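Listing of run-v3.pdb; format and content: PDB, C-alpha atoms and all ligand atoms.
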```
MODEL        1
ATOM      1  CA  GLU A   1     129.358  69.223 103.622
ATOM      2  CA  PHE A   2     127.005  72.194 103.487
ATOM      3  CA  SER A   3     124.456  71.795 100.683
ATOM      4  CA  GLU A   4     122.616  75.130 100.668
ATOM      5  CA  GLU A   5     119.763  73.862 102.861
ATOM      6  CA  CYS A   6     119.423  77.263 104.556
ATOM      7  CA  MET A   7     120.294  80.876 103.797
ATOM      8  CA  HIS A   8     122.414  83.276 105.786
ATOM      9  CA  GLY A   9     120.483  86.389 106.690
ATOM     10  CA  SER A  10     118.319  87.576 103.814
ATOM     11  CA  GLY A  11     119.975  85.189 101.376
ATOM     12  CA  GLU A  12     121.992  87.402  99.052
ATOM     13  CA  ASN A  13     124.424  84.433  98.967
ATOM     14  CA  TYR A  14     121.792  81.669  98.891
ATOM     15  CA  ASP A  15     122.695  79.127  96.201
ATOM     16  CA  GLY A  16     120.245  76.283  96.882
ATOM     17  CA  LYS A  17     117.779  74.533  94.613
ATOM     18  CA  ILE A  18     114.367  75.540  95.989
ATOM     19  CA  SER A  19     112.267  76.503  92.963
ATOM     20  CA  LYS A  20     108.744  77.001  94.364
ATOM     21  CA  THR A  21     107.188  80.060  95.948
ATOM     22  CA  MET A  22     105.688  80.234  99.441
ATOM     23  CA  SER A  23     102.280  79.351  97.989
ATOM     24  CA  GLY A  24     103.701  76.450  95.973
ATOM     25  CA  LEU A  25     103.913  77.949  92.476
ATOM     26  CA  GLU A  26     106.769  76.806  90.264
ATOM     27  CA  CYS A  27     109.263  79.593  89.574
ATOM     28  CA  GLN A  28     109.938  80.961  86.104
ATOM     29  CA  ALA A  29     113.500  80.491  84.862
ATOM     30  CA  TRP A  30     115.740  83.570  85.082
ATOM     31  CA  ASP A  31     116.808  82.975  81.456
ATOM     32  CA  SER A  32     113.137  83.095  80.377
ATOM     33  CA  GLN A  33     111.048  86.191  79.673
ATOM     34  CA  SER A  34     107.609  84.562  79.754
ATOM     35  CA  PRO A  35     105.193  84.831  81.346
ATOM     36  CA  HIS A  36     107.093  87.788  82.907
ATOM     37  CA  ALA A  37     109.592  90.033  81.150
ATOM     38  CA  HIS A  38     112.350  91.276  83.419
ATOM     39  CA  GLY A  39     115.873  92.627  83.748
ATOM     40  CA  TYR A  40     117.416  90.079  86.159
ATOM     41  CA  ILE A  41     119.554  88.513  83.445
ATOM     42  CA  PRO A  42     122.024  85.894  84.784
ATOM     43  CA  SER A  43     124.867  86.943  82.461
ATOM     44  CA  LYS A  44     124.635  90.536  83.762
ATOM     45  CA  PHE A  45     125.562  89.537  87.340
ATOM     46  CA  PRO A  46     127.075  86.042  87.418
ATOM     47  CA  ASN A  47     127.864  86.273  91.142
ATOM     48  CA  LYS A  48     124.129  86.632  91.910
ATOM     49  CA  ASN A  49     123.820  82.915  91.050
ATOM     50  CA  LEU A  50     120.676  83.320  88.932
ATOM     51  CA  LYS A  51     120.507  79.686  87.839
ATOM     52  CA  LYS A  52     117.666  77.583  86.404
ATOM     53  CA  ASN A  53     114.436  78.677  88.173
ATOM     54  CA  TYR A  54     115.900  78.726  91.677
ATOM     55  CA  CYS A  55     114.694  81.229  94.265
ATOM     56  CA  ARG A  56     117.221  84.058  94.640
ATOM     57  CA  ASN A  57     117.509  87.546  96.121
ATOM     58  CA  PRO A  58     119.212  89.655  93.428
ATOM     59  CA  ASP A  59     117.667  92.943  94.633
ATOM     60  CA  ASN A  60     118.704  92.507  98.292
ATOM     61  CA  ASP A  61     115.125  92.374  99.543
ATOM     62  CA  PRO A  62     115.214  92.207 103.366
ATOM     63  CA  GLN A  63     112.409  89.612 103.215
ATOM     64  CA  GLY A  64     114.695  87.207 101.345
ATOM     65  CA  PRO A  65     114.647  85.192  98.125
ATOM     66  CA  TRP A  66     111.860  85.207  95.575
ATOM     67  CA  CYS A  67     111.265  84.336  91.945
ATOM     68  CA  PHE A  68     109.180  85.372  88.995
ATOM     69  CA  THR A  69     106.337  82.848  88.892
ATOM     70  CA  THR A  70     104.916  80.656  86.150
ATOM     71  CA  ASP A  71     101.424  81.978  86.948
ATOM     72  CA  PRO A  72     100.835  84.611  84.237
ATOM     73  CA  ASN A  73      98.831  86.704  86.727
ATOM     74  CA  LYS A  74     101.417  86.703  89.549
ATOM     75  CA  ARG A  75     104.635  88.402  88.505
ATOM     76  CA  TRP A  76     106.738  87.403  91.522
ATOM     77  CA  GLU A  77     106.451  85.856  94.972
ATOM     78  CA  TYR A  78     108.726  85.154  97.930
ATOM     79  CA  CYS A  79     109.937  81.624  98.511
ATOM     80  CA  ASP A  80     110.191  79.882 101.891
ATOM     81  CA  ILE A  81     113.954  79.571 102.397
ATOM     82  CA  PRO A  82     114.855  78.789 106.022
ATOM     83  CA  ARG A  83     117.373  81.099 107.658
ATOM     84  CA  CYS A  84     120.422  79.317 109.047
ATOM     85  CA  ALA A  85     120.583  79.259 112.834
TER      86      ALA A  85
HETATM   87  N1  LIG A 101     111.605  92.514  95.754
HETATM   88  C1  LIG A 101     111.140  91.310  95.079
HETATM   89  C2  LIG A 101     110.424  91.623  93.766
HETATM   90  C3  LIG A 101     111.288  92.410  92.789
HETATM   91  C4  LIG A 101     110.552  92.444  91.448
HETATM   92  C5  LIG A 101     111.316  93.292  90.433
HETATM   93  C6  LIG A 101     110.617  93.222  89.076
HETATM   94  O1  LIG A 101     109.368  93.336  89.000
HETATM   95  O2  LIG A 101     111.293  93.053  88.030
ENDMDL
END
```
Mind turning the file's structure into structure tokens?
Ligand SMILES: NCCCCCC(=O)O
Amino acid sequence: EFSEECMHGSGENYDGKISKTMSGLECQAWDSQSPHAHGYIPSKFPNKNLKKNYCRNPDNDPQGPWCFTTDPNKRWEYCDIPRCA
């Protein structure tokens, strides 16, 4: 069965487990506020699937999923999620 290996379009419905940015940084967890404080709180929009530190696209960015990063000097970065054929 399908296991979230790719995203449809820009990934508003992506629910896979990639947790590293394009440059290879580990993502910050959505339920954490350090190193970056933010307002993408999982409980505020459960259907946005903001789980663990997985790359997601909760602001409908046309470039696709991203995460806050664990680098204290890089707030966020896109991830490399392949688009489904
Ligand atoms: N469009 C991807 C980055 C969105 C970052 C929003 C923020 O700084 O809280």
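Compared by their closest atoms to ligand LIG 101 (chain A), and using all atoms listed in the file, the residues A:43, A:60, A:49, A:69 rank with A:60 nearest.
The smallest atom-to-atom distance between residue 78 of chain A and any of A:57, A:28, A:13, A:33, using all atoms listed in the file, is found for A:57.
Applied to this file, the PyMOL selection byres (((chain A and resi 82) around 7) and not hetatm) selects the residues residues 6, 7, 80, 81, 83 and 84 of chain A.
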File of the preceding selection, C-alpha atoms, as an mmCIF file, in the frame of the given file:
```
data_model
loop_
_atom_site.group_PDB
_atom_site.id
_atom_site.type_symbol
_atom_site.label_atom_id
_atom_site.label_comp_id
_atom_site.auth_asym_id
_atom_site.auth_seq_id
_atom_site.Cartn_x
_atom_site.Cartn_y
_atom_site.Cartn_z
ATOM 1 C CA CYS A 6 119.423 77.263 104.556
ATOM 2 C CA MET A 7 120.294 80.876 103.797
ATOM 3 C CA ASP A 80 110.191 79.882 101.891
ATOM 4 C CA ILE A 81 113.954 79.571 102.397
ATOM 5 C CA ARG A 83 117.373 81.099 107.658
ATOM 6 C CA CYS A 84 120.422 79.317 109.047
#
```
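Shortest atom-to-atom contact with residue 36 of chain A among A:67, A:18, A:85, A:79: A:67, counting only C-alpha atoms.
Within the file as shown, the PyMOL selection byres (((not hetatm)) within 8 of (chain A and resi 101)) identifies residues 37, 38, 39, 40, 57, 59, 60, 61, 65, 66, 67, 68, 75, 76, 77 and 78 of chain A.
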Checklist outcome for this item: Using all atoms listed in the file, the best pick from A:8, A:29, A:73, A:58 as closest to residue 46 of chain A would be A:58
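Here atom CA of residue 9 of chain A stands at a distance of 27.8 Å from atom CA of residue 71 of chain A.
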Checklist entry - Quick one, how far is atom CA of residue 20 of chain A from atom CA of residue 34 of chain A? => result 16.5 Å
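Going from atom CA of residue 56 of chain A to atom CA of residue 12 of chain A covers 7.3 Å.
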Go ahead and fit an axis-aligned box to every listed atom of segment 29-34 of chain A plus 8 Å each side, and pass me the centre and edge lengths in Å, one decimal, as AutoDock Vina command-line options.
```
--center_x 112.2 --center_y 83.3 --center_z 82.4 --size_x 25.2 --size_y 21.7 --size_z 21.4
```
Next on the checklist: Could you list, as a PyMOL selection string, every residue matched by the PyMOL selection byres (((chain A and resi 3) around 10) and not hetatm) in this structure?
Outcome noted: chain A and resi 1-2+4-6+15-17
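The residue that comes closest to residue 31 of chain A, out of A:44, A:74, A:63, A:14 and on the basis of only C-alpha atoms, is A:44.
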Can you fill out segment 60-79 of chain A with N, CA, C and O atoms and hand it back as a PDB file, in the frame of the given file?
```pdb
ATOM      1  N   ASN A  60     118.393  92.274  96.880  1.00  0.00           N
ATOM      2  CA  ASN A  60     118.704  92.507  98.292  1.00  0.00           C
ATOM      3  C   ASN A  60     117.453  92.854  99.098  1.00  0.00           C
ATOM      4  O   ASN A  60     117.469  93.725  99.971  1.00  0.00           O
ATOM      5  N   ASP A  61     116.361  92.166  98.804  1.00  0.00           N
ATOM      6  CA  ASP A  61     115.125  92.374  99.543  1.00  0.00           C
ATOM      7  C   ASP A  61     115.315  91.876 100.972  1.00  0.00           C
ATOM      8  O   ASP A  61     115.719  90.724 101.175  1.00  0.00           O
ATOM      9  N   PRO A  62     115.031  92.693 101.989  1.00  0.00           N
ATOM     10  CA  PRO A  62     115.214  92.207 103.366  1.00  0.00           C
ATOM     11  C   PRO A  62     114.305  91.046 103.739  1.00  0.00           C
ATOM     12  O   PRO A  62     114.575  90.374 104.747  1.00  0.00           O
ATOM     13  N   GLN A  63     113.250  90.777 102.969  1.00  0.00           N
ATOM     14  CA  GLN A  63     112.409  89.612 103.215  1.00  0.00           C
ATOM     15  C   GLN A  63     112.948  88.335 102.582  1.00  0.00           C
ATOM     16  O   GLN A  63     112.351  87.271 102.783  1.00  0.00           O
ATOM     17  N   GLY A  64     114.037  88.402 101.819  1.00  0.00           N
ATOM     18  CA  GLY A  64     114.695  87.207 101.345  1.00  0.00           C
ATOM     19  C   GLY A  64     114.366  86.830  99.911  1.00  0.00           C
ATOM     20  O   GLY A  64     113.736  87.596  99.162  1.00  0.00           O
ATOM     21  N   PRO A  65     114.763  85.618  99.523  1.00  0.00           N
ATOM     22  CA  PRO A  65     114.647  85.192  98.125  1.00  0.00           C
ATOM     23  C   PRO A  65     113.217  85.059  97.629  1.00  0.00           C
ATOM     24  O   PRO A  65     112.257  84.839  98.386  1.00  0.00           O
ATOM     25  N   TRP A  66     113.115  85.146  96.307  1.00  0.00           N
ATOM     26  CA  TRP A  66     111.860  85.207  95.575  1.00  0.00           C
ATOM     27  C   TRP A  66     112.135  84.696  94.161  1.00  0.00           C
ATOM     28  O   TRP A  66     113.271  84.374  93.802  1.00  0.00           O
ATOM     29  N   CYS A  67     111.080  84.611  93.362  1.00  0.00           N
ATOM     30  CA  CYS A  67     111.265  84.336  91.945  1.00  0.00           C
ATOM     31  C   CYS A  67     110.105  84.950  91.178  1.00  0.00           C
ATOM     32  O   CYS A  67     109.034  85.194  91.738  1.00  0.00           O
ATOM     33  N   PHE A  68     110.316  85.173  89.885  1.00  0.00           N
ATOM     34  CA  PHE A  68     109.180  85.372  88.995  1.00  0.00           C
ATOM     35  C   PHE A  68     108.426  84.053  88.912  1.00  0.00           C
ATOM     36  O   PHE A  68     109.045  82.987  88.975  1.00  0.00           O
ATOM     37  N   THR A  69     107.091  84.101  88.818  1.00  0.00           N
ATOM     38  CA  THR A  69     106.337  82.848  88.892  1.00  0.00           C
ATOM     39  C   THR A  69     105.809  82.444  87.519  1.00  0.00           C
ATOM     40  O   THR A  69     105.642  83.264  86.613  1.00  0.00           O
ATOM     41  N   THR A  70     105.505  81.151  87.386  1.00  0.00           N
ATOM     42  CA  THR A  70     104.916  80.656  86.150  1.00  0.00           C
ATOM     43  C   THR A  70     103.429  80.970  86.024  1.00  0.00           C
ATOM     44  O   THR A  70     102.852  80.693  84.968  1.00  0.00           O
ATOM     45  N   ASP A  71     102.796  81.509  87.068  1.00  0.00           N
ATOM     46  CA  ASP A  71     101.424  81.978  86.948  1.00  0.00           C
ATOM     47  C   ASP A  71     101.427  83.293  86.183  1.00  0.00           C
ATOM     48  O   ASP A  71     102.052  84.264  86.635  1.00  0.00           O
ATOM     49  N   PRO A  72     100.767  83.374  85.027  1.00  0.00           N
ATOM     50  CA  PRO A  72     100.835  84.611  84.237  1.00  0.00           C
ATOM     51  C   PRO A  72     100.243  85.819  84.943  1.00  0.00           C
ATOM     52  O   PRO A  72     100.518  86.954  84.535  1.00  0.00           O
ATOM     53  N   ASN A  73      99.458  85.614  85.997  1.00  0.00           N
ATOM     54  CA  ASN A  73      98.831  86.704  86.727  1.00  0.00           C
ATOM     55  C   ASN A  73      99.504  86.994  88.064  1.00  0.00           C
ATOM     56  O   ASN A  73      98.975  87.786  88.850  1.00  0.00           O
ATOM     57  N   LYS A  74     100.653  86.382  88.345  1.00  0.00           N
ATOM     58  CA  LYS A  74     101.417  86.703  89.549  1.00  0.00           C
ATOM     59  C   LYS A  74     102.877  86.869  89.147  1.00  0.00           C
ATOM     60  O   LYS A  74     103.601  85.885  88.961  1.00  0.00           O
ATOM     61  N   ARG A  75     103.312  88.122  89.043  1.00  0.00           N
ATOM     62  CA  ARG A  75     104.635  88.402  88.505  1.00  0.00           C
ATOM     63  C   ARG A  75     105.735  87.754  89.341  1.00  0.00           C
ATOM     64  O   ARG A  75     106.629  87.096  88.797  1.00  0.00           O
ATOM     65  N   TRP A  76     105.698  87.942  90.658  1.00  0.00           N
ATOM     66  CA  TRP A  76     106.738  87.403  91.522  1.00  0.00           C
ATOM     67  C   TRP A  76     106.134  87.056  92.874  1.00  0.00           C
ATOM     68  O   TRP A  76     105.041  87.508  93.225  1.00  0.00           O
ATOM     69  N   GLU A  77     106.863  86.235  93.628  1.00  0.00           N
ATOM     70  CA  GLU A  77     106.451  85.856  94.972  1.00  0.00           C
ATOM     71  C   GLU A  77     107.680  85.411  95.756  1.00  0.00           C
ATOM     72  O   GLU A  77     108.608  84.832  95.187  1.00  0.00           O
ATOM     73  N   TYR A  78     107.686  85.701  97.061  1.00  0.00           N
ATOM     74  CA  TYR A  78     108.726  85.154  97.930  1.00  0.00           C
ATOM     75  C   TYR A  78     108.661  83.635  97.959  1.00  0.00           C
ATOM     76  O   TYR A  78     107.603  83.025  97.776  1.00  0.00           O
ATOM     77  N   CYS A  79     109.816  83.038  98.209  1.00  0.00           N
ATOM     78  CA  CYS A  79     109.937  81.624  98.511  1.00  0.00           C
ATOM     79  C   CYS A  79     110.123  81.451 100.015  1.00  0.00           C
ATOM     80  O   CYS A  79     110.356  82.414 100.749  1.00  0.00           O
TER      81      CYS A  79
END
```
